[PDB]
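*Asks:* Encoded as structure tokens, here's the structure I'll be asking about.
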Amino acid sequence: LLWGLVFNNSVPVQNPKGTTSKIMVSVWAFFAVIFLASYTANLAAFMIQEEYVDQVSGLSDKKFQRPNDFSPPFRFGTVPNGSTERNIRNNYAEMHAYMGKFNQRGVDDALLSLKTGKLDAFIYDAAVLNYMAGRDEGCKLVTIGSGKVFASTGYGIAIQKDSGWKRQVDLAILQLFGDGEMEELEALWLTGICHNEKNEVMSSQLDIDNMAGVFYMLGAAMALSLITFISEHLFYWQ
Amino acid sequence: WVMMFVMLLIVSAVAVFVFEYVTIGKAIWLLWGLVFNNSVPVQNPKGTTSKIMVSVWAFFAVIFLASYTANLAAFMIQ
Amino acid sequence: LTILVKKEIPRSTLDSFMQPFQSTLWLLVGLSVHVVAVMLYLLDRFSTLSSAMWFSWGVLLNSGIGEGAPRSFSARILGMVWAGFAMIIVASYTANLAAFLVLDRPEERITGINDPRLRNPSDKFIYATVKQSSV
Amino acid sequence: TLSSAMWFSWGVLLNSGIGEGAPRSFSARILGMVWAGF
Amino acid sequence: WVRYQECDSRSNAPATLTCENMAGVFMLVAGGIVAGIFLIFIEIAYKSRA
Amino acid sequence: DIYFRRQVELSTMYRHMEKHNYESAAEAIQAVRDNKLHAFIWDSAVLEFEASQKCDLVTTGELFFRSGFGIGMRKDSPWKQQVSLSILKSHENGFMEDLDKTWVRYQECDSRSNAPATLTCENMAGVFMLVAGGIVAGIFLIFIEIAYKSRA
Amino acid sequence: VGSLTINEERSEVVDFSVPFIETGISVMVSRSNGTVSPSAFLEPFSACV
């Protein structure tokens, strides 16, 4: 009796005898109506504030290692002439040895290959990618983490070897940093639309097949119903 | 609220048909208790052939109140 | 001065007439209903037989159909978590129905003359004013 | 069916099925409809 | 002359009705009321047979 | 104090800054938690560590003066070509990523995203106390009812 | 002047100025669909409730 009304069910259940028994069930009903109305509330609070989690993180992941056990495996894109190739060829040889079949011919061609399912992930410089994250017509998912970069460096101005004109520009650039004029030069530079400025996620739950945990809470009881059936052989010895 | 009554009253024909092969005032008293989530002590109709339409109405009820609580919770925080 | 643009469509969730996730609003749960009726049948036979599905559907849909509880406790401990599962799926359906109607839509529009959609020009946006005017 | 009316009505409110009987008159039934709706 | 008419201030509040149509959820009972008599006829032909 | 004194548009702010300054980082860090000082200005590479250990304070976003801590040398020492190389080499083969993984981001409480959608259903006392009072008072009401049953 | 990174293989021949815009090697991931948690919210009601 006491399970059917706490979990909102009209199981056919005989009430207990007498009017004196009728009180405690009427307390339990007031515990039930408060209970489920709490739990539906908290769950509805929980499932419209939780954030999507970043299924690939870092270059040390098994996905970015040798892609053995993956229905069709990961395809990494890169441009094969520049600095990133010379950095990636001195730390992970087999990574670029696998990546050699997936070259791209341009930045926008990398975006067109990313939109058509032809590429799973793309590897390039940080500043150009942080610009192109902000100037897509949609503002869907962009970069791993927030701004986590692997080999932090800078841009610069190349110059003739040991010329005297280095030490002046070395002052003058710092004077620009001293004046805040880079943020005055921000109006052309990297601003945009949707730089994760909502952190919203709306999802049709075709991915509601994550309910396998409560299916595991089902079939475990489907085990225990056999187990107790086996311990219902104990009156044969008693 | 006006489609509810006119789709509610139509089961009297099958309630007559199951006794031909409990409907004067015991039909709508059953059909109100489960659409508004209540365990009113209500006799079910006779026969296993009557058991189908109530099992449709229960699926209309669970969809209904779960809709209306949803929309009200959308309405009262905007 | 101000900027004039065109409002969008955005829809309501009317087309989800009890089908928000009918891809994964599975009939697999109905097979679970049938096999748990078969399981209660097998638990009750070898310790009220053909009526087990008329029990179990009445557990799910909150409809009190005339029926008896299973006599063995081994079926009762399964029925406990079956009713708990029914409460779980109806509460999750309630929360995901509220989620469609509480969450708004993307495409935040342009804000003043300091927008890079408008400050830095392109082909994807067209701007115009009346000729020979104060603008 | 006279003294048990509150044991009906609390069972209408708190979703607790108590061994009782429906009112015989329809004039009480039409009040019970909107009581359950409330 | 100016503020005499409106439609609705576009504050983008989707929390409103337009529960105008209800067809796909009522069609299950509209199909149940028709198919139920046919299943009742098959059941009573079974009752008459055995 | 150099960055603020250099700017002219912020001069009034700098004139508001002269009467409350501190001498070390830990003094102001302890003084913020004692509510004597509502705000503090320092580097991000100290405050993001401080917001991961002393777990009552928060940063607030944007940056002003983007630079990096460098090795200070005497002018025209002969090591100026060696140490400018090896630093870049340590940025190449993954040494600094091990260094800050060992030292900087090793502890993290909770990215204060202000998500109240969580538990702390720890206590349940005021809702369970109705059944805890019902179980005690019910036997007394049953005794009064059976004294009525015995009487009439 | 332009887009030109800093590394060790170029610093041997060429001298460089002060670092100018922070950058590095990053990775752009696809624009995948939204996902809820892989379980129902069974977190710690089980501890006490």
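Ordering of the structure tokens sets the chain letters (A, B, ...), residue numbers begin anew at 1 in every chain, and ligands are numbered from 1 in the order given.
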Show me, as a list in words, the residues that have an atom within 6 Å of residue 29 (chain G) when counting only C-alpha atoms, minus same-chain residues fewer than 4 positions from it.
*Replies:*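 My reading of the contact set: residues 121, 142 and 143 of chain A.
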*Asks:* Using N, CA, C and O atoms, can you write the selected residues to a file as a PDB file, in the first residue's frame?
*Replies:*
```
ATOM      1  N   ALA A 121      37.788  17.613 -36.912  1.00  0.00           N
ATOM      2  CA  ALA A 121      38.442  18.678 -36.173  1.00  0.00           C
ATOM      3  C   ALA A 121      39.530  19.290 -37.038  1.00  0.00           C
ATOM      4  O   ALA A 121      40.071  18.640 -37.937  1.00  0.00           O
ATOM      5  N   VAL A 142      32.402  25.911 -31.188  1.00  0.00           N
ATOM      6  CA  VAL A 142      33.579  26.451 -31.862  1.00  0.00           C
ATOM      7  C   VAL A 142      34.907  25.804 -31.467  1.00  0.00           C
ATOM      8  O   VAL A 142      35.533  25.128 -32.288  1.00  0.00           O
ATOM      9  N   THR A 143      35.352  25.994 -30.225  1.00  0.00           N
ATOM     10  CA  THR A 143      36.713  25.667 -29.822  1.00  0.00           C
ATOM     11  C   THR A 143      36.724  24.848 -28.540  1.00  0.00           C
ATOM     12  O   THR A 143      35.837  24.977 -27.693  1.00  0.00           O
TER      13      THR A 143
END
```
*Asks:* Could you please select, counting only C-alpha atoms, the residues of chain C within 6 Å of chain A and state them as JSON, numbers by chain?
*Replies:* {"C": [24, 62, 64, 74, 91, 95, 116]}
*Asks:* Any chance you can output those residues with N, CA and C atoms as an mmCIF file, in the first residue's frame?
*Replies:*
```cif
data_model
loop_
_atom_site.group_PDB
_atom_site.id
_atom_site.type_symbol
_atom_site.label_atom_id
_atom_site.label_comp_id
_atom_site.auth_asym_id
_atom_site.auth_seq_id
_atom_site.Cartn_x
_atom_site.Cartn_y
_atom_site.Cartn_z
ATOM 1 N N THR C 24 12.679 8.419 -30.139
ATOM 2 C CA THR C 24 13.133 7.710 -28.953
ATOM 3 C C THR C 24 12.090 7.673 -27.842
ATOM 4 N N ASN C 62 -1.507 5.254 -14.708
ATOM 5 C CA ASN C 62 -2.281 5.744 -13.554
ATOM 6 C C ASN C 62 -3.774 5.439 -13.678
ATOM 7 N N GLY C 64 -6.658 2.789 -12.583
ATOM 8 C CA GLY C 64 -6.921 1.736 -11.623
ATOM 9 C C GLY C 64 -7.876 0.674 -12.124
ATOM 10 N N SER C 74 8.507 -12.097 -4.723
ATOM 11 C CA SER C 74 9.511 -11.940 -5.768
ATOM 12 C C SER C 74 8.980 -11.121 -6.935
ATOM 13 N N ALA C 91 8.115 12.050 -14.862
ATOM 14 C CA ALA C 91 8.703 13.306 -14.406
ATOM 15 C C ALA C 91 9.704 13.851 -15.418
ATOM 16 N N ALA C 95 9.606 17.450 -17.413
ATOM 17 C CA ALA C 95 10.696 18.419 -17.448
ATOM 18 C C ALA C 95 11.138 18.710 -18.878
ATOM 19 N N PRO C 116 29.899 44.621 -35.678
ATOM 20 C CA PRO C 116 30.753 44.255 -36.817
ATOM 21 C C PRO C 116 29.992 43.687 -37.998
#
```
*Asks:* With 12 Å as the limit and counting only C-alpha atoms, what residues in chain B lie close to chain A? Please list them as a list in words.
*Replies:*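 Here is what falls inside 12 Å: residues 33, 34, 37, 38, 39, 40, 41, 42, 43, 44, 58, 62, 66, 69, 70, 73, 74 and 77 of chain B.
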*Asks:* CA of residue 25 (chain C) to CA of residue 12 (chain C): how many Å, to one decimal?
*Replies:* 20.1 Å
*Asks:* Just the residues within 9 Å of region 22-37 of chain F, please, counting only C-alpha atoms, with nothing from its chain fewer than 6 positions along; format it as a VMD selection string.
*Replies:* chain F and resid 50 56 to 57
*Asks:* Mind writing the picked residues with N, CA, C and O atoms as a compact mmCIF listing (two decimals), in the first residue's frame?
*Replies:*
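Saved file part_19.txt follows:
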```
# COMPACT_ATOMS: atom_id res chain seq x y z
N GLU F 50 44.41 32.32 -6.83
CA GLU F 50 43.85 32.66 -5.53
C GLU F 50 42.36 32.34 -5.51
O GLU F 50 41.80 32.07 -4.44
N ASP F 56 36.45 31.95 -1.53
CA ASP F 56 35.39 32.91 -1.24
C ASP F 56 35.36 34.10 -2.18
O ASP F 56 34.44 34.91 -2.09
N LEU F 57 36.35 34.24 -3.05
CA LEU F 57 36.51 35.43 -3.87
C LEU F 57 36.35 35.03 -5.33
O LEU F 57 36.36 33.84 -5.67
```
*Asks:* Pull out every residue of chain C that has at least one atom within 8 Å of chain B, counting only C-alpha atoms, and report them as a ChimeraX atom specification.
*Replies:* /C:18,61-63,65-66,93-95,97-98,101-102
